[PDB]
file my_file00.txt (compact mmCIF, C-alpha atoms and all ligand atoms)
# COMPACT_ATOMS: atom_id res chain seq x y z
CA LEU A 533 -23.36 -10.04 10.31
CA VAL A 534 -23.57 -11.61 6.85
CA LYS A 535 -20.75 -13.51 5.15
CA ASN A 536 -20.23 -15.43 1.90
CA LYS A 537 -23.34 -14.01 0.24
CA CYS A 538 -23.91 -11.20 -2.26
CA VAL A 539 -25.20 -8.42 0.00
CA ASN A 540 -25.25 -4.63 0.15
CA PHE A 541 -23.09 -3.05 2.85
CA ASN A 542 -22.89 0.40 4.45
CA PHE A 543 -19.88 0.69 6.76
CA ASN A 544 -18.65 3.79 8.59
CA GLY A 545 -18.71 6.43 5.86
CA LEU A 546 -18.22 4.08 2.89
CA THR A 547 -20.98 2.47 0.83
CA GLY A 548 -20.78 -0.21 -1.84
CA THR A 549 -22.05 -3.54 -3.11
CA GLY A 550 -20.39 -6.94 -3.28
CA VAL A 551 -19.82 -10.15 -1.37
CA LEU A 552 -17.67 -9.93 1.75
CA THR A 553 -15.75 -12.75 3.44
CA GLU A 554 -13.04 -13.32 6.02
CA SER A 555 -9.48 -12.83 4.76
CA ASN A 556 -5.89 -13.05 6.02
CA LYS A 557 -4.23 -9.68 5.24
CA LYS A 558 -4.28 -8.45 8.82
CA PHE A 559 -4.49 -4.73 9.56
CA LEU A 560 -2.39 -2.50 11.77
CA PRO A 561 -4.22 -0.96 14.75
CA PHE A 562 -4.52 2.51 13.19
CA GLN A 563 -5.92 1.19 9.90
CA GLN A 564 -9.64 1.45 9.13
CA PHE A 565 -10.23 0.07 5.62
CA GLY A 566 -7.97 -1.36 2.95
CA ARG A 567 -7.47 -0.52 -0.71
CA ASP A 568 -5.79 -1.80 -3.86
CA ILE A 569 -4.69 -0.51 -7.27
CA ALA A 570 -6.78 2.29 -8.83
CA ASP A 571 -8.01 3.45 -5.39
CA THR A 572 -10.88 0.94 -5.30
CA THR A 573 -12.08 -0.42 -1.96
CA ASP A 574 -11.53 -4.16 -1.60
CA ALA A 575 -11.04 -4.79 2.14
CA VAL A 576 -12.83 -3.36 5.18
CA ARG A 577 -12.26 -4.10 8.86
CA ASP A 578 -15.28 -4.89 11.01
CA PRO A 579 -16.17 -2.06 13.43
CA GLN A 580 -17.72 -4.70 15.71
CA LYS B 195 -1.24 19.53 11.47
CA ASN B 196 -4.24 21.88 11.39
CA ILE B 197 -6.68 21.31 8.51
CA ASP B 198 -10.49 21.43 8.23
CA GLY B 199 -10.85 22.30 11.90
CA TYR B 200 -8.80 19.29 13.03
CA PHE B 201 -5.59 18.89 15.04
CA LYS B 202 -4.06 15.58 13.98
CA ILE B 203 -1.19 14.34 16.16
CA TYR B 204 1.14 11.57 14.96
CA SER B 205 3.81 10.09 17.22
CA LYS B 206 6.34 7.27 17.22
CA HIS B 207 8.88 5.93 19.72
CA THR B 208 12.24 5.12 18.14
CA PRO B 209 15.35 3.96 20.03
CA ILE B 210 18.70 5.28 18.83
CA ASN B 211 22.27 4.05 19.24
CA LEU B 212 24.42 6.41 17.13
CA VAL B 213 26.38 9.50 18.16
CA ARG B 214 24.00 11.74 16.23
CA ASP B 215 20.63 12.07 17.95
CA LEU B 216 18.81 11.81 14.61
CA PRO B 217 19.55 8.40 13.04
CA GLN B 218 19.94 7.79 9.31
CA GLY B 219 16.21 7.21 8.97
CA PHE B 220 14.10 4.37 7.55
CA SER B 221 11.31 5.31 9.98
CA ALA B 222 7.64 6.27 9.66
CA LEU B 223 5.00 7.88 11.88
CA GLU B 224 1.86 6.05 13.07
CA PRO B 225 -1.24 8.00 14.18
CA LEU B 226 -1.85 7.95 17.93
CA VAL B 227 -4.57 10.48 18.84
CA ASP B 228 -7.01 12.75 17.01
CA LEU B 229 -8.42 16.08 18.20
CA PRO B 230 -11.30 17.58 16.14
CA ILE B 231 -11.41 21.21 17.32
CA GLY B 232 -11.57 24.13 14.91
CA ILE B 233 -9.26 26.87 16.20
CA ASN B 234 -6.92 28.99 14.08
CA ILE B 235 -3.30 28.75 15.24
CA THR B 236 -0.30 30.84 14.19
CA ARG B 237 2.28 30.11 16.91
CA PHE B 238 3.21 27.27 19.25
CA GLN B 239 5.27 27.16 22.43
CA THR B 240 6.73 24.19 24.28
CA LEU B 241 6.52 23.57 28.03
CA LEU B 242 9.43 22.69 30.32
CA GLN C 920 29.41 -34.83 -38.91
CA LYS C 921 30.81 -35.12 -35.38
CA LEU C 922 32.25 -31.60 -35.38
CA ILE C 923 29.02 -30.10 -36.73
CA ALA C 924 26.96 -32.00 -34.16
CA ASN C 925 29.25 -30.77 -31.37
CA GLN C 926 28.94 -27.18 -32.60
CA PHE C 927 25.15 -27.46 -32.79
CA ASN C 928 24.93 -28.93 -29.29
CA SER C 929 27.24 -26.23 -27.92
CA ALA C 930 25.14 -23.45 -29.47
CA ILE C 931 21.88 -24.98 -28.22
CA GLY C 932 23.34 -25.26 -24.73
CA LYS C 933 24.67 -21.70 -24.83
CA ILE C 934 21.43 -20.05 -25.96
CA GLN C 935 19.72 -21.09 -22.70
CA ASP C 936 22.32 -19.18 -20.68
CA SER C 937 22.09 -16.29 -23.14
CA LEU C 938 18.35 -16.04 -22.50
CA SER C 939 18.74 -16.43 -18.73
CA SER C 940 21.56 -13.93 -18.18
CA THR C 941 20.31 -11.19 -20.51
CA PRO C 942 17.33 -9.45 -18.86
CA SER C 943 16.05 -7.55 -21.90
CA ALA C 944 15.95 -10.56 -24.24
CA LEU C 945 12.28 -11.24 -23.42
CA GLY C 946 11.30 -7.58 -23.73
CA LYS C 947 9.09 -7.85 -26.81
CA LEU C 948 6.39 -9.81 -24.92
CA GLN C 949 6.67 -8.12 -21.53
CA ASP C 950 6.42 -4.89 -23.53
CA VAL C 951 2.93 -5.60 -24.87
CA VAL C 952 1.80 -7.16 -21.59
CA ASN C 953 2.90 -4.09 -19.63
CA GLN C 954 1.41 -1.75 -22.23
CA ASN C 955 -1.99 -3.44 -21.98
CA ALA C 956 -1.83 -3.44 -18.18
CA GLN C 957 -0.90 0.26 -18.16
CA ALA C 958 -3.76 1.10 -20.52
CA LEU C 959 -6.22 -0.80 -18.32
CA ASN C 960 -4.89 0.91 -15.18
CA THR C 961 -5.28 4.33 -16.82
CA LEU C 962 -8.83 3.38 -17.82
CA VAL C 963 -9.89 2.30 -14.33
CA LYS C 964 -8.19 5.28 -12.66
CA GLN C 965 -10.31 7.62 -14.81
CA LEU C 966 -13.30 6.87 -12.56
CA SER C 967 -11.97 9.15 -9.81
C1 LIG A 1001 -18.51 -5.16 20.72
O1 LIG A 1001 -18.76 -6.25 19.82
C2 LIG A 1001 -18.37 -7.53 20.35
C3 LIG A 1001 -18.61 -8.54 19.26
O2 LIG A 1001 -19.41 -9.62 19.72
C4 LIG A 1001 -19.16 -7.83 21.62
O3 LIG A 1001 -18.74 -9.08 22.16
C5 LIG A 1001 -17.53 -9.00 22.95
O4 LIG A 1001 -16.34 -8.94 22.14
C6 LIG A 1001 -15.13 -8.85 22.91
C7 LIG A 1001 -14.00 -8.69 21.91
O5 LIG A 1001 -14.41 -7.92 20.79
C8 LIG A 1001 -14.98 -10.08 23.80
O6 LIG A 1001 -13.81 -9.93 24.59
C9 LIG A 1001 -16.21 -10.24 24.69
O7 LIG A 1001 -16.12 -11.45 25.42
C10 LIG A 1001 -17.48 -10.24 23.85
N1 LIG A 1001 -18.65 -10.32 24.70
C11 LIG A 1001 -19.22 -11.48 25.05
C12 LIG A 1001 -20.43 -11.38 25.94
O8 LIG A 1001 -18.78 -12.56 24.68
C13 LIG A 1001 -18.99 -6.70 22.64
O9 LIG A 1001 -19.84 -6.92 23.75
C14 LIG A 1001 -19.32 -5.35 22.01
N2 LIG A 1001 -19.07 -4.27 22.95
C15 LIG A 1001 -19.94 -3.92 23.90
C16 LIG A 1001 -19.52 -2.78 24.79
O10 LIG A 1001 -21.02 -4.49 24.04
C1 LIG A 1002 -10.62 31.11 11.71
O1 LIG A 1002 -11.37 29.91 11.98
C2 LIG A 1002 -12.66 29.88 11.33
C3 LIG A 1002 -13.34 28.62 11.80
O2 LIG A 1002 -13.79 28.74 13.14
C4 LIG A 1002 -12.47 29.93 9.82
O3 LIG A 1002 -13.75 29.96 9.19
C5 LIG A 1002 -11.68 31.17 9.43
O4 LIG A 1002 -11.40 31.16 8.03
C6 LIG A 1002 -10.36 31.23 10.20
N1 LIG A 1002 -9.62 32.44 9.88
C7 LIG A 1002 -10.06 33.69 10.12
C8 LIG A 1002 -9.14 34.80 9.71
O5 LIG A 1002 -11.15 33.91 10.64

call {"tool": "encode", "arguments": {"input": "my_file00.txt", "output": "structure tokens", "more": "lines below"}}
Ligand SMILES: *[C@@H]1O[C@H](CO)[C@@H](O[C@@H]2O[C@H](CO)[C@@H](O)[C@H](O)[C@H]2NC(C)=O)[C@H](O)[C@H]1NC(C)=O
Ligand SMILES: *[C@@H]1O[C@H](CO)[C@@H](O)[C@H](O)[C@H]1NC(C)=O
result
Amino acid sequence: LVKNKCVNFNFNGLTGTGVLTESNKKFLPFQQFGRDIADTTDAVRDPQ
Amino acid sequence: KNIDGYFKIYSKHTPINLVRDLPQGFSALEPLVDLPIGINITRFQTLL
Amino acid sequence: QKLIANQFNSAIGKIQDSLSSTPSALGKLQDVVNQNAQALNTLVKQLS
């Protein structure tokens, strides 16, 4: 695991670049990865 | 639902208190299980 | 002088409530702000 550093990530089926840190917008059990306006990924839950 | 060789099943428990069995609404459906089998279906039948 | 001062003070006091109660008074700035935001949203959405 890497946090608070500009890294490249490859989660389950989604790939992108950018820093990733712990947040507070908790997910529901069925959720997998978040989103925001314009359908751009901005929040991903840890599979681990 | 049957799409792309998948059988997605969504369920939700909802208590009721009105005379009508179906309430007014304001309810959603949360995914519970997923079944990825590709089989063409044209009819369904319940079991009692 | 006293009557004119009273009228001026009354009008200055009333215009605050006129701005607060009327919702469309501040439209001409929210209009351009919303137009720019909408243009940016349409731009970013064009990626997909
Ligand atoms: C899955 O990843 C977790 C992340 O560390 C492993 O650690 C366990 O995590 C669970 C909750 O996610 C805790 O209840 C356990 O106490 C953790 N284990 C230990 C030894 O502290 C977990 O082991 C991983 N799953 C498997 C099957 O290994
Ligand atoms: C039946 O299912 C197969 C997938 O196993 C699919 O390719 C086909 O289009 C479906 N319909 C028919 C008429 O075969």

call {"tool": "closest_atom_pairs", "arguments": {"input": "my_file00.txt", "of": "chain A", "to": "ligand LIG 1001 (chain A)", "cutoff": "10 Å", "atoms": "all atoms listed in the file", "output": "CSV"}}
result
residue,atom,partner,partner_atom,distance
A:578,CA,A:LIG1001,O1,9.6
A:579,CA,A:LIG1001,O1,8.1
A:580,CA,A:LIG1001,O1,4.5

call {"tool": "interface_residues", "arguments": {"input": "my_file00.txt", "of": "chain A", "to": "chain C", "cutoff": "10 Å", "atoms": "all atoms listed in the file", "output": "mmCIF file with C-alpha atoms, in the frame of the given file"}}
result
data_model
loop_
_atom_site.group_PDB
_atom_site.id
_atom_site.type_symbol
_atom_site.label_atom_id
_atom_site.label_comp_id
_atom_site.auth_asym_id
_atom_site.auth_seq_id
_atom_site.Cartn_x
_atom_site.Cartn_y
_atom_site.Cartn_z
ATOM 1 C CA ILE A 569 -4.690 -0.510 -7.270
ATOM 2 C CA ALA A 570 -6.780 2.290 -8.830
ATOM 3 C CA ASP A 571 -8.010 3.450 -5.390
ATOM 4 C CA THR A 572 -10.880 0.940 -5.300
#

call {"tool": "residues_near_ligand", "arguments": {"input": "my_file00.txt", "ligand": "ligand LIG 1002 (chain A)", "cutoff": "9 Å", "atoms": "all atoms listed in the file", "output": "compact mmCIF listing (two decimals) with C-alpha atoms, in the frame of the given file"}}
result
# COMPACT_ATOMS: atom_id res chain seq x y z
CA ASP B 198 -10.49 21.43 8.23
CA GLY B 199 -10.85 22.30 11.90
CA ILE B 231 -11.41 21.21 17.32
CA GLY B 232 -11.57 24.13 14.91
CA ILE B 233 -9.26 26.87 16.20
CA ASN B 234 -6.92 28.99 14.08
CA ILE B 235 -3.30 28.75 15.24

call {"tool": "residues_around", "arguments": {"input": "my_file00.txt", "residues": "stretch 537-540 of chain A", "least_positions_apart": "5", "cutoff": "9 Å", "atoms": "all atoms listed in the file", "output": "PyMOL selection string"}}
result
chain A and resi 547-553

call {"tool": "atom_distance", "arguments": {"input": "my_file00.txt", "atom1": "atom CA of residue C:926", "atom2": "atom CA of residue C:942"}}
result
25.3 Å

call {"tool": "atom_distance", "arguments": {"input": "my_file00.txt", "atom1": "atom CA of residue A:577", "atom2": "atom CA of residue A:545"}}
result
12.7 Å

call {"tool": "axis_aligned_box", "arguments": {"input": "my_file00.txt", "around": "stretch 555-574 of chain A", "padding_each_side": "5 Å", "output": "JSON"}}
result
{"center_x": -7.2, "center_y": -4.8, "center_z": 3.0, "size_x": 19.7, "size_y": 26.5, "size_z": 33.6}

call {"tool": "atom_distance", "arguments": {"input": "my_file00.txt", "atom1": "atom CA of residue B:195", "atom2": "atom CA of residue B:239"}}
result
14.9 Å

call {"tool": "closest_atom_pairs", "arguments": {"input": "my_file00.txt", "of": "chain B", "to": "chain A", "cutoff": "12 Å", "atoms": "all atoms listed in the file", "output": "JSON lines"}}
result
{"residue": "B:204", "atom": "CA", "partner": "A:562", "partner_atom": "CA", "distance": 10.8}
{"residue": "B:205", "atom": "CA", "partner": "A:562", "partner_atom": "CA", "distance": 12.0}
{"residue": "B:223", "atom": "CA", "partner": "A:562", "partner_atom": "CA", "distance": 11.0}
{"residue": "B:224", "atom": "CA", "partner": "A:562", "partner_atom": "CA", "distance": 7.3}
{"residue": "B:225", "atom": "CA", "partner": "A:562", "partner_atom": "CA", "distance": 6.5}
{"residue": "B:226", "atom": "CA", "partner": "A:562", "partner_atom": "CA", "distance": 7.7}
{"residue": "B:227", "atom": "CA", "partner": "A:562", "partner_atom": "CA", "distance": 9.8}
{"residue": "B:228", "atom": "CA", "partner": "A:562", "partner_atom": "CA", "distance": 11.2}
